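Descriptive structure summary
For reference, the chains in residue letters:
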Amino acid sequence: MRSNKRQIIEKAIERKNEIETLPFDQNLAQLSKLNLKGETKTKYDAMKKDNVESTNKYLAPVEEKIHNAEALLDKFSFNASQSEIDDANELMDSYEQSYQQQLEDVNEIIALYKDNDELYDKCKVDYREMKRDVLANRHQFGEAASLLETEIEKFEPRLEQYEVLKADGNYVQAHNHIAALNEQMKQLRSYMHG
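The rules we used
Sequence positions are given from 1 along each chain as written, possibly unlike the numbering in the entry, and residues without coordinates are left off. In computing side-chain properties, one takes all heavy atoms of the structure into account and sets aside hydrogens as well as water. Residues with missing side-chain atoms are left out of burial classes, side-chain pairs and their counts. When two rings of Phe, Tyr or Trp (its six-membered ring) have centres within 6.5 Å they constitute a pair, described as stacked for plane angles under 30 degrees, edge-to-face for angles over 60, and tilted for the intermediate range. Only DSSP runs of H or I with at least four residues qualify as helices, and only runs of E with at least two residues qualify as strands; both kinds are numbered from the N terminus onward. Burial here depends on accessible area, computed with a 1.4 Å probe over protein chains only, as a share of the maximum for the residue type. Under 20% is buried, over 50% is exposed, and the range in between is partly exposed. Definition used for salt bridges: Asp or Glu carboxyl oxygen within 4 Å of a side-chain nitrogen of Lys or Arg. To get an axis, a line is fitted to the C-alpha atoms, and for a helix only the part in contact is used. The angle between two axes follows their N-to-C directions and goes from 0 to 180 degrees. Note on angle classes: values under 35 degrees are labelled roughly parallel, values over 145 roughly antiparallel, values of 65 to 115 roughly perpendicular, and the remainder oblique. In this analysis, two residues are considered to be in contact whenever any of their non-hydrogen atoms come within 4.5 Å of each other. Under the grouping applied here, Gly and all other residues not named as nonpolar or charged are polar, the nonpolar ones being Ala, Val, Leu, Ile, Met, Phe, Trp, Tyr, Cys and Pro and the charged ones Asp, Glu, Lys and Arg.

Looking at the entry header, you'll see X-ray crystallography listed as the method and 2.60 Å as the resolution.

With that out of the way, let us pick up the packing of aromatic side chains. Under the counting rule described, the total for this entry stands at 5 aromatic pairs. Geometrically, the ring pair formed by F24 and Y99 is edge-to-face, given 5.2 Å between the ring centres and 75° between the ring planes. Pair noted here: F24 is in helix 2 (residues 24-32) and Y99 is in helix 5 (residues 78-136), with a separation of 75 residues, a long-range link. Relative accessible area serves as the criterion here: at 10%, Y99 is assigned to the buried category. Within the aromatic cluster, the residues linked to one another by ring pairs are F24, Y95 and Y99.

Counted according to the given criterion, the structure contains 16 salt bridges. The shortest N-O distance in the salt bridge between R15 and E96 comes to 3.5 Å. With a gap of 81 residues between them, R15 in helix 1 (residues 2-19) and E96 in helix 5 connect regions that are remote in the sequence. Judged by its relative accessible area of 15%, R15 falls in the buried class. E96 sits in the partly exposed class, given a relative accessible area of 34%. Residue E151 pairs with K154 through a salt bridge whose shortest N-O separation is 3.9 Å. Given a relative accessible area of 40%, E151 falls into the partly exposed group. What emerges from the salt-bridge pattern is a single network uniting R15, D93 and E96.

Look at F76: it is not a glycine, yet its phi comes out positive at around 70°. Tracing the backbone shows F76 in the loop between helix 4 (62-74) and helix 5.

Attention now moves to the packing of helix 3 (residues 38-59) against helix 5. For any two helices packed against each other, the geometry comes down to the angle between their axes and how far apart the axes lie. Contact geometry of helix 3 with helix 5 gives a least axis separation of 10 Å together with a crossing angle of 170°. When the interaxial angle is binned, helix 3 and helix 5 end up roughly antiparallel. Along its contact with helix 3, which presents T40, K43, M47, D50, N51, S54, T55, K57, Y58 and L59, the element helix 5 presents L91, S94, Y95, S98, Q102, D105, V106, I109 and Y113. Among the residues forming the contact of helix 3 with helix 5, the class breakdown is 8 nonpolar, 7 polar and 4 charged.

Quick look at the structure:
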């Protein structure tokens, strides 16, 4: 009966040895292909630390749970042995989950770099169009025109500011900055019907 309980244990050993090969680092190396500084580097550093905390909390203890399972089985402590394997699998479930959480955490960052640039491209174009609408239809706005020419000029430094924040790897401030800019350009454009 032990010989066929040993299969449960062997399946656990196969599972440990394969989850030791989850590409945590290949995942995180994707962040290096962006600007590895600022908030980006902070998140990269924090995730390396988590992997040490995860490795020691969830992976190191497994080996012993499996050794206890073998010893207990051998003495015919069948349920006790099964418990140690259940525990081992629970621990590996967490390690696996901590990987999944990092595919997701990094995907989020990739998505923000992409979406940050989408907004920036939109703001460049809108700026250009608004600046031209004023310079070519000055008369058509009446007296509210000089306030507009200077207010639209105030978007130009705010574009350059985005380039700086992005270049420093501050993807979060970059996003909040460019979203706010888009919002305000938007409301200024509604107003510009009249």
